[PDB]
Amino acid sequence: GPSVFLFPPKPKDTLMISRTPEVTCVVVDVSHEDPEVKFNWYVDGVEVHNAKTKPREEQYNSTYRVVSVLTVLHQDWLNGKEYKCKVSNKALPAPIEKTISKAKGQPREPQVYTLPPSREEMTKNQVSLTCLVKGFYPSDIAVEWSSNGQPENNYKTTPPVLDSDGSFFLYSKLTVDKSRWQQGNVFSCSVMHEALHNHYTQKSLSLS
Amino acid sequence: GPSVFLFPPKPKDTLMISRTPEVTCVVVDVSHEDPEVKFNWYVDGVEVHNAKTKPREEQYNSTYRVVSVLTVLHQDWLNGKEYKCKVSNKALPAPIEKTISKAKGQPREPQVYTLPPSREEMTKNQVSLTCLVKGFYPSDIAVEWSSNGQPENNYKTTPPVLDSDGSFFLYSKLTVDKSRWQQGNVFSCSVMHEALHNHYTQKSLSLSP
Ligand SMILES: *[C@@H]1O[C@H](CO[C@@H]2O[C@@H](C)[C@@H](O)[C@@H](O)[C@@H]2O)[C@@H](O[C@@H]2O[C@H](CO)[C@@H](O[C@@H]3O[C@H](CO[C@H]4O[C@H](CO)[C@@H](O)[C@H](O)[C@@H]4O[C@@H]4O[C@H](CO)[C@@H](O)[C@H](O)[C@H]4NC(C)=O)[C@@H](O)[C@H](O[C@H]4O[C@H](CO)[C@@H](O)[C@H](O)[C@@H]4O[C@@H]4O[C@H](CO)[C@@H](O)[C@H](O)[C@H]4NC(C)=O)[C@@H]3O)[C@H](O)[C@H]2NC(C)=O)[C@H](O)[C@H]1NC(C)=O
Ligand SMILES: *[C@@H]1O[C@H](CO[C@@H]2O[C@@H](C)[C@@H](O)[C@@H](O)[C@@H]2O)[C@@H](O[C@@H]2O[C@H](CO)[C@@H](O[C@@H]3O[C@H](CO[C@H]4O[C@H](CO)[C@@H](O)[C@H](O)[C@@H]4O[C@@H]4O[C@H](CO)[C@@H](O)[C@H](O)[C@H]4NC(C)=O)[C@@H](O)[C@H](O[C@H]4O[C@H](CO)[C@@H](O)[C@H](O)[C@@H]4O)[C@@H]3O)[C@H](O)[C@H]2NC(C)=O)[C@H](O)[C@H]1NC(C)=O
């Protein structure tokens, strides 16, 4: 009955020293008469301790949903250590195990280019500011937009796309009002990747 | 046990008269002692019998992967008929069914914009010509690149991405040699969509010194 789902830390957390990367180990479909679940975590085969098991979250479909969280070190994740979650329950015949780690492969540095709107789009009510990010490996990346320190949240980013070489690329599109573009406001495409210098770069975009 | 995944026809196939739109019905995780799969197709509740079941594709994880394909008519897809795939197998307690159709909703016309390389990229050996396609619904679209009549095939396109409004967008990236860009050659982003005037539009891109 019980199923297991081991999720990696958010890319933004693994690349920012201030944040705390967490590996979460979701267990679903737990019965009422077999409610006890027990986790064991391993890091390259080495038992680790002091995980945090959140309280049982009783579901709409008359089951439980237990979650155990393990905070991992920034360096250990980015060095590519394998984190294993061993679930044990009465309903299970044999303990389930899942393993997760950073996408293995030679890290490659993204080139970040900003592209302004076409003059055809300038006739429209709003305009699209484009940020090309290309040549990065692996596909674990985070792209954000901002003006000054204050962030812009009216943007979408495309899934990473595998190129002719081993690398990836993507586009991020910030939609702004035409007025604010023509007033000469500065927008900044911030990118975060493991292969970037200090895990961060930022390119600006303005009217000439 | 067995899982089912019903996929729509390639957007390029539904929009080109010469091509053949197909609905594929993938069945995964089939055991060795229950290898027989049997499909039944329906079009708005009407049984059809013109499918082709491909041979079992034995997987790396000691299971099979059976696929049944149904060719659909261009007009039937674009009119929005519902295609259903009913899988049956020993391992299943009750036959599984999945349904797919064209995304129902007011069709919206893509705006097509071409963007030249940044001057930072101009230092590199090759440069990237960008084609933004935005504001289209549904997500059935096809993008090609060309110079003159002859096509350019060194390009990649992103999956359609859902925007803040109901519409979609995507980017297509043509990689060309820096020389050919600076010689002032004209490249053309051709787009094909249900909502486009005559199901086709094309925007050009050049050095424009
Ligand atoms: C044994 O191996 C096989 C083979 O797997 C392959 O080989 C192994 C060795 C590994 O390397 C695998 O990584 C590799 O894939 C396993 O078979 C796989 O089984 C899983 C399910 O367990 C299937 O997952 C689904 O995948 C589809 C997307 O699949 C397309 O894209 C894949 C790459 O991205 C590609 O590999 C596939 O072939 C397929 O590509 C399409 O193929 C068709 C025909 O081949 C073609 O016409 C198309 O053009 C082509 N398109 C593209 C884009 O490539 C994904 O959509 C599914 O997601 C749904 O279901 C999930 C539940 O599993 C759920 O979590 C998701 O959220 C999602 O659910 C849907 O969500 C929408 C939201 O709007 C909702 O509306 C829907 O109702 C909802 N549906 C459901 C059912 O919930 C899903 O992830 C793999 O496709 C399949 N792989 C292959 C190649 O067949 C097998 O499982 C292994 N067995 C064991 C025991 O381990
Ligand atoms: C009772 O209800 C439970 C609650 O779930 C919700 O409601 C039910 C009714 C359904 O509608 C659910 O789909 C819905 O989620 C059920 O639990 C769910 O079980 C299913 C199947 O066992 C799980 O499916 C798996 O989902 C994975 C992704 O999971 C993330 O995203 C989900 C939403 O998109 C979210 O519900 C999950 O909690 C989880 O969220 C992430 O959590 C981490 C922290 O742990 C965060 O860091 C992320 O940011 C979160 N992200 C998001 C988007 O929220 C899939 O990855 C997984 O697919 C993989 O495994 C399968 C094999 O199973 C492969 O085939 C596949 O290729 C892939 O590798 C799978 O689809 C679902 O996630 C569970 N939901 C929750 C909340 O735990 C109970 O099952 C249900 N019980 C019964 C008896 O019906």
# chains A, B, ... in the order shown; residues from 1 in each chain; ligands from 1
>>> residues_near_ligand(ligand="ligand 1", cutoff="10 Å", atoms="only C-alpha atoms and all ligand atoms", output="PDB file with N, CA and C atoms, in the first residue's frame")
ATOM      1  N   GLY B   1       0.190  -2.011 -11.507  1.00  0.00           N
ATOM      2  CA  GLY B   1       0.170  -2.819 -12.742  1.00  0.00           C
ATOM      3  C   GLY B   1       0.241  -1.945 -13.993  1.00  0.00           C
ATOM      4  N   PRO B   2      -0.325  -2.405 -15.135  1.00  0.00           N
ATOM      5  CA  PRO B   2      -0.287  -1.646 -16.389  1.00  0.00           C
ATOM      6  C   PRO B   2      -0.816  -0.217 -16.283  1.00  0.00           C
ATOM      7  N   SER B   3      -0.076   0.723 -16.887  1.00  0.00           N
ATOM      8  CA  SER B   3      -0.458   2.127 -16.954  1.00  0.00           C
ATOM      9  C   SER B   3      -0.718   2.509 -18.409  1.00  0.00           C
ATOM     10  N   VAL B   4      -1.510   3.569 -18.622  1.00  0.00           N
ATOM     11  CA  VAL B   4      -1.922   3.982 -19.957  1.00  0.00           C
ATOM     12  C   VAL B   4      -1.613   5.466 -20.138  1.00  0.00           C
ATOM     13  N   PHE B   5      -1.179   5.835 -21.350  1.00  0.00           N
ATOM     14  CA  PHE B   5      -0.843   7.214 -21.671  1.00  0.00           C
ATOM     15  C   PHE B   5      -1.230   7.516 -23.118  1.00  0.00           C
ATOM     16  N   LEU B   6      -2.292   8.314 -23.282  1.00  0.00           N
ATOM     17  CA  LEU B   6      -2.833   8.644 -24.589  1.00  0.00           C
ATOM     18  C   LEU B   6      -2.305  10.009 -25.028  1.00  0.00           C
ATOM     19  N   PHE B   7      -1.579  10.037 -26.152  1.00  0.00           N
ATOM     20  CA  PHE B   7      -0.909  11.241 -26.617  1.00  0.00           C
ATOM     21  C   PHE B   7      -1.602  11.790 -27.862  1.00  0.00           C
ATOM     22  N   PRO B   8      -1.646  13.131 -28.033  1.00  0.00           N
ATOM     23  CA  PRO B   8      -2.228  13.743 -29.223  1.00  0.00           C
ATOM     24  C   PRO B   8      -1.284  13.676 -30.421  1.00  0.00           C
ATOM     25  N   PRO B   9      -1.770  14.002 -31.640  1.00  0.00           N
ATOM     26  CA  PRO B   9      -0.916  14.089 -32.824  1.00  0.00           C
ATOM     27  C   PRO B   9       0.024  15.288 -32.780  1.00  0.00           C
ATOM     28  N   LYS B  10       1.178  15.146 -33.442  1.00  0.00           N
ATOM     29  CA  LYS B  10       2.159  16.215 -33.532  1.00  0.00           C
ATOM     30  C   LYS B  10       1.487  17.426 -34.173  1.00  0.00           C
ATOM     31  N   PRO B  11       1.629  18.646 -33.606  1.00  0.00           N
ATOM     32  CA  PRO B  11       1.000  19.836 -34.189  1.00  0.00           C
ATOM     33  C   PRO B  11       1.288  20.084 -35.671  1.00  0.00           C
ATOM     34  N   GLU B  22      -1.726  11.175 -36.056  1.00  0.00           N
ATOM     35  CA  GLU B  22      -1.917   9.912 -35.359  1.00  0.00           C
ATOM     36  C   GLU B  22      -2.110  10.162 -33.866  1.00  0.00           C
ATOM     37  N   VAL B  23      -3.060   9.438 -33.266  1.00  0.00           N
ATOM     38  CA  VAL B  23      -3.209   9.374 -31.821  1.00  0.00           C
ATOM     39  C   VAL B  23      -2.601   8.053 -31.358  1.00  0.00           C
ATOM     40  N   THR B  24      -1.626   8.128 -30.442  1.00  0.00           N
ATOM     41  CA  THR B  24      -0.940   6.942 -29.948  1.00  0.00           C
ATOM     42  C   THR B  24      -1.377   6.659 -28.512  1.00  0.00           C
ATOM     43  N   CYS B  25      -1.521   5.368 -28.185  1.00  0.00           N
ATOM     44  CA  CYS B  25      -2.008   4.931 -26.886  1.00  0.00           C
ATOM     45  C   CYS B  25      -0.990   3.985 -26.251  1.00  0.00           C
ATOM     46  N   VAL B  26      -0.069   4.561 -25.465  1.00  0.00           N
ATOM     47  CA  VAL B  26       1.063   3.838 -24.907  1.00  0.00           C
ATOM     48  C   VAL B  26       0.615   3.078 -23.660  1.00  0.00           C
ATOM     49  N   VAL B  27       0.942   1.784 -23.612  1.00  0.00           N
ATOM     50  CA  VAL B  27       0.733   0.968 -22.427  1.00  0.00           C
ATOM     51  C   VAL B  27       2.101   0.523 -21.918  1.00  0.00           C
ATOM     52  N   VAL B  28       2.381   0.794 -20.637  1.00  0.00           N
ATOM     53  CA  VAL B  28       3.661   0.456 -20.032  1.00  0.00           C
ATOM     54  C   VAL B  28       3.422  -0.539 -18.899  1.00  0.00           C
ATOM     55  N   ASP B  29       4.519  -1.116 -18.390  1.00  0.00           N
ATOM     56  CA  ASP B  29       4.493  -2.004 -17.238  1.00  0.00           C
ATOM     57  C   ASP B  29       3.545  -3.172 -17.500  1.00  0.00           C
ATOM     58  N   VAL B  30       3.910  -3.999 -18.485  1.00  0.00           N
ATOM     59  CA  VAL B  30       3.189  -5.225 -18.785  1.00  0.00           C
ATOM     60  C   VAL B  30       4.093  -6.398 -18.410  1.00  0.00           C
ATOM     61  N   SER B  31       3.534  -7.377 -17.688  1.00  0.00           N
ATOM     62  CA  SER B  31       4.306  -8.507 -17.192  1.00  0.00           C
ATOM     63  C   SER B  31       4.529  -9.522 -18.310  1.00  0.00           C
ATOM     64  N   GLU B  57       7.610  -3.808 -27.211  1.00  0.00           N
ATOM     65  CA  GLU B  57       8.957  -3.286 -27.049  1.00  0.00           C
ATOM     66  C   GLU B  57       9.453  -3.641 -25.647  1.00  0.00           C
ATOM     67  N   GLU B  58      10.216  -4.738 -25.546  1.00  0.00           N
ATOM     68  CA  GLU B  58      10.738  -5.216 -24.274  1.00  0.00           C
ATOM     69  C   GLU B  58      11.668  -4.153 -23.689  1.00  0.00           C
ATOM     70  N   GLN B  59      11.441  -3.812 -22.413  1.00  0.00           N
ATOM     71  CA  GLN B  59      12.085  -2.676 -21.770  1.00  0.00           C
ATOM     72  C   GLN B  59      13.328  -3.133 -21.010  1.00  0.00           C
ATOM     73  N   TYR B  60      14.057  -2.153 -20.459  1.00  0.00           N
ATOM     74  CA  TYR B  60      15.263  -2.406 -19.689  1.00  0.00           C
ATOM     75  C   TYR B  60      14.913  -2.975 -18.314  1.00  0.00           C
ATOM     76  N   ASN B  61      13.705  -2.672 -17.818  1.00  0.00           N
ATOM     77  CA  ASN B  61      13.306  -3.049 -16.469  1.00  0.00           C
ATOM     78  C   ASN B  61      12.417  -4.295 -16.493  1.00  0.00           C
ATOM     79  N   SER B  62      12.656  -5.190 -17.462  1.00  0.00           N
ATOM     80  CA  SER B  62      12.004  -6.491 -17.524  1.00  0.00           C
ATOM     81  C   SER B  62      10.482  -6.352 -17.580  1.00  0.00           C
ATOM     82  N   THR B  63      10.005  -5.444 -18.442  1.00  0.00           N
ATOM     83  CA  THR B  63       8.587  -5.307 -18.751  1.00  0.00           C
ATOM     84  C   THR B  63       8.431  -5.039 -20.248  1.00  0.00           C
ATOM     85  N   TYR B  64       7.183  -5.056 -20.727  1.00  0.00           N
ATOM     86  CA  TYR B  64       6.883  -4.730 -22.112  1.00  0.00           C
ATOM     87  C   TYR B  64       6.320  -3.314 -22.196  1.00  0.00           C
ATOM     88  N   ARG B  65       6.172  -2.834 -23.434  1.00  0.00           N
ATOM     89  CA  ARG B  65       5.639  -1.511 -23.707  1.00  0.00           C
ATOM     90  C   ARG B  65       4.905  -1.554 -25.046  1.00  0.00           C
ATOM     91  N   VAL B  66       3.593  -1.813 -24.988  1.00  0.00           N
ATOM     92  CA  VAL B  66       2.771  -1.980 -26.176  1.00  0.00           C
ATOM     93  C   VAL B  66       2.164  -0.630 -26.559  1.00  0.00           C
ATOM     94  N   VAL B  67       2.045  -0.394 -27.871  1.00  0.00           N
ATOM     95  CA  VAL B  67       1.572   0.873 -28.408  1.00  0.00           C
ATOM     96  C   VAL B  67       0.570   0.586 -29.523  1.00  0.00           C
ATOM     97  N   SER B  68      -0.593   1.247 -29.467  1.00  0.00           N
ATOM     98  CA  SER B  68      -1.575   1.192 -30.540  1.00  0.00           C
ATOM     99  C   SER B  68      -1.750   2.588 -31.127  1.00  0.00           C
ATOM    100  N   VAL B  69      -1.791   2.669 -32.464  1.00  0.00           N
ATOM    101  CA  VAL B  69      -1.829   3.943 -33.164  1.00  0.00           C
ATOM    102  C   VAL B  69      -3.106   4.021 -33.996  1.00  0.00           C
ATOM    103  N   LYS B  98      -8.742   6.219 -21.434  1.00  0.00           N
ATOM    104  CA  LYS B  98      -8.289   7.602 -21.476  1.00  0.00           C
ATOM    105  C   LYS B  98      -8.885   8.287 -22.702  1.00  0.00           C
ATOM    106  N   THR B  99      -9.122   9.601 -22.581  1.00  0.00           N
ATOM    107  CA  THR B  99      -9.728  10.398 -23.637  1.00  0.00           C
ATOM    108  C   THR B  99      -8.873  11.637 -23.891  1.00  0.00           C
ATOM    109  N   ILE B 100      -8.758  12.016 -25.168  1.00  0.00           N
ATOM    110  CA  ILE B 100      -8.004  13.194 -25.562  1.00  0.00           C
ATOM    111  C   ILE B 100      -8.743  13.883 -26.707  1.00  0.00           C
ATOM    112  N   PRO B 159       9.305  23.911 -25.656  1.00  0.00           N
ATOM    113  CA  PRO B 159       7.907  23.553 -25.420  1.00  0.00           C
ATOM    114  C   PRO B 159       7.039  24.793 -25.205  1.00  0.00           C
TER     115      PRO B 159
END
>>> residues_around(residues="residue 121 in chain A", least_positions_apart="2", cutoff="12 Å", atoms="only C-alpha atoms", output="JSON, numbers by chain")
{"A": [116, 117, 118, 119, 123, 124, 125, 126, 127, 128, 129, 175, 176, 177, 178], "B": [111, 112, 113, 114, 115, 132, 133, 134]}
>>> write_last_selection(atoms="C-alpha atoms", output="PDB file, in the first residue's frame")
ATOM      1  CA  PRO A 116      14.991  44.000 -25.879  1.00  0.00           C
ATOM      2  CA  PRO A 117      11.521  43.984 -27.558  1.00  0.00           C
ATOM      3  CA  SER A 118      11.205  44.119 -31.349  1.00  0.00           C
ATOM      4  CA  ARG A 119       9.975  47.417 -32.812  1.00  0.00           C
ATOM      5  CA  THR A 123       3.063  49.175 -30.958  1.00  0.00           C
ATOM      6  CA  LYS A 124       1.378  46.885 -28.397  1.00  0.00           C
ATOM      7  CA  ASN A 125       0.133  47.849 -24.930  1.00  0.00           C
ATOM      8  CA  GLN A 126       2.793  45.751 -23.161  1.00  0.00           C
ATOM      9  CA  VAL A 127       6.253  44.587 -24.253  1.00  0.00           C
ATOM     10  CA  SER A 128       8.323  41.448 -23.620  1.00  0.00           C
ATOM     11  CA  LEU A 129      11.841  41.577 -22.165  1.00  0.00           C
ATOM     12  CA  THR A 175       6.194  41.320 -19.512  1.00  0.00           C
ATOM     13  CA  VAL A 176       6.187  45.031 -18.615  1.00  0.00           C
ATOM     14  CA  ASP A 177       4.048  48.042 -19.527  1.00  0.00           C
ATOM     15  CA  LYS A 178       5.280  49.937 -22.585  1.00  0.00           C
TER      16      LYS A 178
ATOM     17  CA  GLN B 111       2.186  37.385 -32.394  1.00  0.00           C
ATOM     18  CA  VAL B 112       5.538  36.545 -34.000  1.00  0.00           C
ATOM     19  CA  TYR B 113       8.609  38.639 -33.164  1.00  0.00           C
ATOM     20  CA  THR B 114      12.194  38.103 -34.321  1.00  0.00           C
ATOM     21  CA  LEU B 115      15.066  39.200 -32.081  1.00  0.00           C
ATOM     22  CA  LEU B 132       9.388  34.783 -29.971  1.00  0.00           C
ATOM     23  CA  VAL B 133       5.916  33.349 -30.594  1.00  0.00           C
ATOM     24  CA  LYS B 134       3.378  34.573 -28.057  1.00  0.00           C
TER      25      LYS B 134
END
>>> residues_near_ligand(ligand="ligand 2", cutoff="12 Å", atoms="only C-alpha atoms and all ligand atoms", output="count of residues only")
50
>>> interface_residues(of="chain B", to="chain A", cutoff="9 Å", atoms="only C-alpha atoms", output="list in words")
residues 111, 112, 113, 114, 115, 116, 117, 118, 120, 121, 132, 154, 155, 156, 157, 158, 159, 160, 161, 162, 163, 164, 170 and 171 of chain B
>>> write_last_selection(atoms="N, CA, C and O atoms", output="compact mmCIF listing (two decimals), in the first residue's frame")
# COMPACT_ATOMS: atom_id res chain seq x y z
N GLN B 111 1.37 36.28 -31.93
CA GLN B 111 2.19 37.39 -32.39
C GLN B 111 3.61 36.86 -32.54
O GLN B 111 4.13 36.23 -31.61
N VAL B 112 4.23 37.10 -33.70
CA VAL B 112 5.54 36.55 -34.00
C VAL B 112 6.55 37.69 -34.09
O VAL B 112 6.40 38.60 -34.90
N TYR B 113 7.58 37.62 -33.24
CA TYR B 113 8.61 38.64 -33.16
C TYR B 113 9.98 37.98 -33.31
O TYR B 113 10.25 36.97 -32.67
N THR B 114 10.82 38.56 -34.16
CA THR B 114 12.19 38.10 -34.32
C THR B 114 13.13 39.04 -33.56
O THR B 114 12.95 40.26 -33.60
N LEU B 115 14.12 38.46 -32.89
CA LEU B 115 15.07 39.20 -32.08
C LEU B 115 16.48 38.85 -32.55
O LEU B 115 16.81 37.67 -32.65
N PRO B 116 17.34 39.84 -32.85
CA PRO B 116 18.71 39.56 -33.29
C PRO B 116 19.62 39.24 -32.11
O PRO B 116 19.24 39.45 -30.96
N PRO B 117 20.85 38.73 -32.35
CA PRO B 117 21.80 38.44 -31.27
C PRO B 117 22.21 39.69 -30.51
O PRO B 117 22.22 40.78 -31.07
N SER B 118 22.54 39.52 -29.22
CA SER B 118 23.12 40.60 -28.44
C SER B 118 24.56 40.83 -28.91
O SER B 118 25.18 39.94 -29.48
N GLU B 120 27.07 41.16 -27.11
CA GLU B 120 27.97 40.35 -26.30
C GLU B 120 28.22 39.02 -26.99
O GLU B 120 29.34 38.50 -26.96
N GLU B 121 27.18 38.47 -27.63
CA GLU B 121 27.25 37.18 -28.30
C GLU B 121 28.00 37.31 -29.63
O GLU B 121 28.46 36.31 -30.17
N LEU B 132 10.41 34.82 -31.00
CA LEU B 132 9.39 34.78 -29.97
C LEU B 132 8.02 34.61 -30.63
O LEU B 132 7.66 35.37 -31.52
N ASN B 154 19.37 23.92 -38.19
CA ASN B 154 20.21 23.98 -37.00
C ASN B 154 19.52 24.85 -35.95
O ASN B 154 20.07 25.85 -35.50
N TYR B 155 18.30 24.45 -35.57
CA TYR B 155 17.51 25.21 -34.61
C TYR B 155 16.82 24.28 -33.61
O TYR B 155 16.58 23.11 -33.91
N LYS B 156 16.51 24.83 -32.44
CA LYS B 156 15.75 24.15 -31.40
C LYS B 156 14.61 25.07 -30.97
O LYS B 156 14.77 26.29 -30.96
N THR B 157 13.46 24.48 -30.64
CA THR B 157 12.31 25.24 -30.18
C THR B 157 11.94 24.76 -28.78
O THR B 157 12.08 23.57 -28.47
N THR B 158 11.48 25.69 -27.93
CA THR B 158 11.08 25.36 -26.58
C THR B 158 9.66 24.82 -26.59
O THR B 158 8.85 25.20 -27.44
N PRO B 159 9.30 23.91 -25.66
CA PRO B 159 7.91 23.55 -25.42
C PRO B 159 7.04 24.79 -25.20
O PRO B 159 7.51 25.78 -24.64
N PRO B 160 5.76 24.80 -25.66
CA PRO B 160 4.83 25.88 -25.32
C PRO B 160 4.71 26.09 -23.82
O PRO B 160 4.67 25.12 -23.06
N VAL B 161 4.66 27.36 -23.40
CA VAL B 161 4.64 27.73 -21.99
C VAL B 161 3.40 28.57 -21.74
O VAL B 161 3.16 29.54 -22.45
N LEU B 162 2.62 28.19 -20.71
CA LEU B 162 1.38 28.88 -20.39
C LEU B 162 1.68 30.19 -19.68
O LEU B 162 2.47 30.23 -18.74
N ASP B 163 1.02 31.27 -20.13
CA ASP B 163 1.32 32.62 -19.69
C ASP B 163 0.35 33.00 -18.58
O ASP B 163 -0.39 32.15 -18.09
N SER B 164 0.36 34.28 -18.18
CA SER B 164 -0.49 34.78 -17.11
C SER B 164 -1.95 34.79 -17.54
O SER B 164 -2.84 34.48 -16.75
N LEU B 170 6.29 30.55 -26.88
CA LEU B 170 7.52 29.78 -26.95
C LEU B 170 8.59 30.59 -27.68
O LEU B 170 8.32 31.63 -28.27
N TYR B 171 9.82 30.08 -27.60
CA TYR B 171 10.98 30.66 -28.27
C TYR B 171 11.61 29.62 -29.18
O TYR B 171 11.72 28.45 -28.80
>>> select_by_dssp(residues="range 25-142 of chain A", states="strand (DSSP E)", output="ChimeraX atom specification")
/A:25-30,38-43,46-48,52-53,64-71,83-88,96-100,111-115,126-136,141-142
>>> select_by_dssp(residues="range 22-135 of chain B", states="helix (DSSP H, G or I)", output="list in words")
residues 74, 75, 76, 77, 78, 79, 121, 122 and 123 of chain B
>>> write_last_selection(atoms="C-alpha atoms", output="JSON list (two decimals), in the first residue's frame")
[["chain", "number", "residue", "atom", "x", "y", "z"],
["B", 74, "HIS", "CA", -7.35, 16.56, -40.06],
["B", 75, "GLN", "CA", -10.86, 18.02, -39.92],
["B", 76, "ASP", "CA", -12.06, 15.66, -37.15],
["B", 77, "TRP", "CA", -9.20, 16.67, -34.85],
["B", 78, "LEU", "CA", -9.56, 20.40, -35.53],
["B", 79, "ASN", "CA", -13.35, 20.17, -35.05],
["B", 121, "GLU", "CA", 27.25, 37.18, -28.30],
["B", 122, "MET", "CA", 28.75, 38.81, -31.42],
["B", 123, "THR", "CA", 32.23, 38.01, -30.04]]
>>> atom_distance(atom1="CA of residue 137 in chain B", atom2="CA of residue 174 in chain A")
19.6 Å
